[PDB]
Amino acid sequence: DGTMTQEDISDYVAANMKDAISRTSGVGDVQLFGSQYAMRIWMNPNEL
Amino acid sequence: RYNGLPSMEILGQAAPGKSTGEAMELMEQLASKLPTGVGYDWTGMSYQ
């Protein structure tokens, strides 16, 4: 429905799916094809 | 927390005469009519 971006889908999987899948029966390592959201502080050197 | 998610453990039992299966089936029915984003699961003796 084009309400969630690539970065938004990656967060939801990382935050609400990955942990449970990684603890699932017979599952070894789990690799996220993306990244979980973090609080990004994009600094401006001119304003600093 | 249960399986890495916020939870609240609820104890209980079947009334005189009725079995554990019937009591659990009703809890599953009552749990389905709860607000959006509220799930459930069985643990300990109920898991077995």
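To find a chain, count down the sequence lines: A is the first, B the second, and so on, and within it residues start at 1. FYI, side chains are in, hydrogens and waters are out, and symmetry mates aren't considered; it's all heavy atoms of this structure.
In plain terms, the two heavy atoms of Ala14(A) and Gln36(A) that are nearest each other are CB-CB, 3.5 Å. Among all heavy-atom pairs drawn from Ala20(A) and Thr24(A), the shortest one is O-OG1, 2.7 Å. The two residues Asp1(A) and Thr3(A) have their closest heavy-atom pair at OD1-OG1, 2.7 Å. Considering all non-hydrogen atoms of both residues, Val30(A) and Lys18(A) come closest at O-CE, 3.7 Å. When every heavy atom of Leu34(B) is checked against every heavy atom of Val38(B), the shortest pair comes out as CD1-CG1, 3.9 Å. For the pair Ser10(A) and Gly34(A), the tightest heavy-atom approach, listed with the atom from each and the gap, is OG-CA, 3.6 Å.
Side-chain atoms of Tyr40(B) and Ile10(B), non-hydrogen and from C-beta on, never get closer than 4.5 Å to each other. Using a 4.5 Å heavy-atom cutoff, the side chains of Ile9(A) and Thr5(A) are not in contact.
Annotation for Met17(A): atom CE does not count as buried by contact number, only 12 or fewer foreign heavy atoms lying within 6.0 Å. In this structure, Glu9(B) places its CD atom where only 12 or fewer heavy-atom neighbours from other residues, nucleotides or ligands lie under 6.0 Å away. When the shell of 6.0 Å around CD of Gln13(B) is examined, it contains 12 or fewer heavy atoms from other residues, nucleotides or ligands.
Residues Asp8(A) and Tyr37(A) have side chains that bring a donor and an acceptor to within less than 3.5 angstrom of each other.
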Q: In sequence, state the C-alpha distance, the side-chain angles, and the governing distance for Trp42(B) and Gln48(B), and then conclude on side chain to side chain contact (heavy atoms under 4.5 Å, CB included).
A: CA-CA 9 Å; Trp42(B) 301 98; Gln48(B) 312 284 34; over 6 Å; no
Q.
Applying side chain to side chain contact (heavy atoms under 4.5 Å, CB included) to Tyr2(B) and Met8(B), what does each step give before you reach the verdict?
A. CA-CA 8 Å; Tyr2(B) 191 82; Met8(B) 274 157 203; over 6 Å; no
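Panel note: side chain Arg23(A), backbone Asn3(B); a donor-acceptor pair is recorded below 3.5 Å.
Note that CD1 of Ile21(A) and CG of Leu32(A) are 12.0 Å apart. Values are rounded to the nearest 0.5 Å. Interatomic distance, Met27(B) CE to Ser32(B) OG, rounded to the nearest 0.5 Å: 11.5 Å. Expressed to the nearest 0.5 Å, how far OG of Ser19(B) lies from CE of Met24(B) amounts to 10.5 Å. Interatomic distance, CG of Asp11(A) versus CE of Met4(A), reported as 7.5 Å (0.5 Å rounding).
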